[PDB]
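Chemist: Structure here, sequence nowhere to be found:
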RNA sequence: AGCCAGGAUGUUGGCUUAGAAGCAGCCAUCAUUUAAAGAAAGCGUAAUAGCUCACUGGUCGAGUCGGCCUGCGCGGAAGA
């Protein structure tokens, strides 16, 4: 239903290596990328990718919508690639990136070097911001969550590693 | 959070999802509305 | 106009400008002096009379003092000088207190010329039609 | 609008009666006039709809036996002790 | 609200401002503020009034489909977000300016003035209307004929031709 | 359902009000501006607030909302 129904359209580029039940997309950037499916029969045909269920599967659609979804972010994956961005709040917090391993400093009694995964790179436009692009939505999302983890944002002064798409509650102390 | 025999959505931004065999309540506004088991 | 930059409205009476006991250190603190809020106020306040409410905006920038531009007063306070009793609410609609009709407060709905979102000169009469009912004052209209 | 059909009950006793409401049907009787009373079974979910409209007790009613129309009035209705469902309805050929 | 009984309402009722319509303007207001109603409604104070309405009814299917009162070429005239405006009393001048000299000052898009009824055409604003009751525009309009239009050239040979 | 916009003006409503200008408060909830905006939902004021809700417009375009009668399951559910 819906998201599933809705076609995916393979932009001018990406090859679409639909091999039986293993789909692979490669283009602009992004070292290919390919995932597996299950109760959804996908069809290339013309200039798009259609997603539907399969007889005898109550998962149908449900498994198909996530299908669309994934592939749809796989196209754009290699296409425009995927964004990111995080910003360190708090005096003494600093990012670095001196390779593909980010070196963070968060008020601990030690540095915190963090090695980037496979197809993911990052830059520190500022001593307190981190932008890491990649074609795999599922991994940038992670690497982000992971970096942040080292020092989430505490609800008092707000210090810590936040995104930008945050909200940061923040409240007052117990009165006197 | 708070584990009660009856979960119930209190707030308007309080959600109710079933992660695993467990019904829980995810209230985005107030953490105090975070609940498990039910 | 734009939206919001800096402005409020706290006062008791024009009979006594820049009150000392009332608001006190609560009459402007972001570019507002307390010994100057009586040199730009009474500059035109003493041009009509003293003893009626006078709220106003407070255009603030970052150049020492400030600048304001007030306008028509509330038609609720005019019930202590142009209507009846000294007070107002207190005894709401539990027993017919004072009583104002079609005649009274008539021209009090004529003082706010430019300040009346009631285009229809006639319809703009329905607006103040309540600035004398916040305490129960049946109209003999 | 009140028009409901049924079938001449082939049985009786609380037996058939409990088998009726069991299969989403229910007993009903039609008496009055110089005509001898008649046993009927109506489809519950249908008539449960009509009994809702406050009009079901005023504007005369009409029955259909093997397609023969009778028309009567909702004389007496037995409801269920604790659930919104019918038990049995009396009908008079008036 | 209400279905057809209410839908038909917003139609004819306001579509009367189309059959017997003075002027006509179609302006979208993406990102409109309250000043939007503190302007066309404010200028209604000491220079207008309840003689103007911009009832955002671009329901198209309601606004457009709801104009059997001859307004052809409009099967196109009713795109996306809209906020039609019409007049009953007064002339058919000014009005265009309330928009032309407002929306030109940011105040959200102005549908680039897609033009409306009266002559019944397309897009490309005019202004040969607001010049009305500004009769003095018909006064100097003679450019003194003999005078000015002369003292501007026939006597420009001295302050611009003696070399 | 998202997403895009607005939600004021009479009004700072007067009031037991130290100061309350919708919201610890009292009694009241009426009338314009409009497509819609309640003296009104919440966060929270030294107090205005900043900033978001009912409700209306736009985008998208086929279904969507919740009760009733029934069948089978989930949590509740810790011990030597």
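Modeler: Happy to help now that I have it. Numbers count the residues shown, from 1 in each chain, chains lettered A, B, ... in the order given.
Chemist: Let's check: the centremost residue of the chain is which one?
Modeler: Just so you know, I chose chain A. Nearest to the geometric centre of chain A sits residue A:137, at 2.7 Å (C-alpha atoms, centre = their mean).
Chemist: ah, I was thinking of chain B
Modeler: The centroid of chain B falls nearest to residue B:25 when counting by C-alpha atoms, centre = their mean (1.6 Å).
Chemist: what are the phi and psi angles of the residue in chain D that chain C sits nearest to?
Modeler: Taking C-beta to the nearest C-beta, chain C has its nearest neighbour within chain D at residue D:54, 38.9 Å off. In this view, the C-beta of every residue, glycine as well, is placed from N, C-alpha and C. Torsion angles at residue D:54 (phi, psi; degrees, to the nearest 10) stand at phi -50, psi -10.
Chemist: ok, now which ones touch residue C:17?
Modeler: Taking C-beta atoms under 8 Å, 6 or more residues apart in numbering or on different chains as the contact definition, residue C:17 lies against C:38, C:41-42, C:45, C:50.
Chemist: thought residue D:48 was touching residue D:89?
Modeler: No - here residue D:48 does not reach residue D:89: they are 11.0 Å apart, not a contact under C-beta atoms under 8 Å.
Chemist: Look at these two and report which has more neighbours.
Modeler: residue D:89 (22 against 15; other C-beta atoms under 10 Å in any protein chain shown).
Chemist: now the residue of chain D closest to chain C: how far from residue E:66?
Modeler: Going from residue D:54 to residue E:66 by C-beta to C-beta, to the nearest Å gives 39 Å.
Chemist: after the top strand by length along chain A, next one along is what?
Modeler: If you go by DSSP state E, chain A has its longest strand at strand A:129-134. Sequence-wise, the next helix or strand downstream of strand A:129-134 (DSSP states H and E) is helix A:137-149.
Chemist: What is that following helix packed up against?
Modeler: Packing contacts for helix A:137-149, counted by 3 or more C-beta pairs under 8 Å, 6 or more residues apart in numbering or on different chains; DSSP states H and E, involve strand A:86-89, strand A:120-123, strand A:129-134, strand A:160-162.
Chemist: let's see 6 Å
Modeler: With contacts defined as 3 or more C-beta pairs under 6 Å, 6 or more residues apart in numbering or on different chains; DSSP states H and E, helix A:137-149 has these neighbours: strand A:129-134.
Chemist: How many residues are close by the residue of chain E found nearest chain C?
Modeler: Per C-beta to the nearest C-beta, residue E:44 is where chain E lies closest to chain C, at 4.5 Å. Neighbourhood size, residue E:44 [other C-beta under 10 Å]: 19.
Chemist: Contacts only, for the closest residue to it other than its chain neighbours.
Modeler: With sequence-adjacent residues excluded and distances taken as C-beta to C-beta, 6 or more residues apart in numbering or on different chains, residue E:44 is closest to residue C:119, at 4.5 Å. Residues in contact with residue C:119 (C-beta atoms under 6 Å, 6 or more residues apart in numbering or on different chains) are E:44-45, E:49-50.
Chemist: Compare residue D:54 and residue E:66 and say which one has the larger neighbour count.
Modeler: The residue with more neighbours, out of residue D:54 and residue E:66, is residue E:66; 20 against 7, by other C-beta under 10 Å.
Chemist: isn't that one right up against residue E:11?
Modeler: Yes - assessed by C-beta atoms under 6 Å, residue E:66 is found in contact with residue E:11 at 3.9 Å.
Chemist: and residue D:16, helix, strand or coil?
Modeler: What DSSP: H, G, I helix; E, B strand; the rest coil gives for residue D:16 is helix.
Chemist: Neighbours of the closest residue to RNA strand F within chain B, how many?
Modeler: With C-beta to the nearest atom of the strand as the measure, residue B:5 is the residue of chain B nearest to RNA strand F, at 3.7 Å. The burial count assigned to residue B:5 is 6, neighbours taken as other C-beta under 10 Å.
Chemist: does it sit in a helix or strand, and which one?
Modeler: Of the helices and strands defined by DSSP H and E, none includes residue B:5.
Chemist: Could you check how far the closest residue to it other than its chain neighbours is from residue A:167?
Modeler: Leaving aside its sequence neighbours, residue B:5 sits nearest to residue B:38 (C-beta to C-beta, 6+ apart; 6.6 Å). The span separating residue B:38 from residue A:167 equals 27 Å under the rule C-beta to C-beta.
Chemist: Mind checking which of the two has more residues around it?
Modeler: residue B:38 (15 against 9).
Chemist: I'd say the more buried one and residue B:3 touch.
Modeler: No - counting by C-beta under 6 Å, residue B:38 does not reach residue B:3; the two are 8.2 Å apart.
Chemist: what's the domain layout of the chain?
Modeler: I went with chain A, as the question did not name one. Per CATH domains of a matching chain, the domain ranges recorded for chain A read A:8-80, A:86-162.
Chemist: actually chain C
Modeler: Using CATH domains of a matching chain, chain C is parsed into the domains C:1-71, C:72-141.
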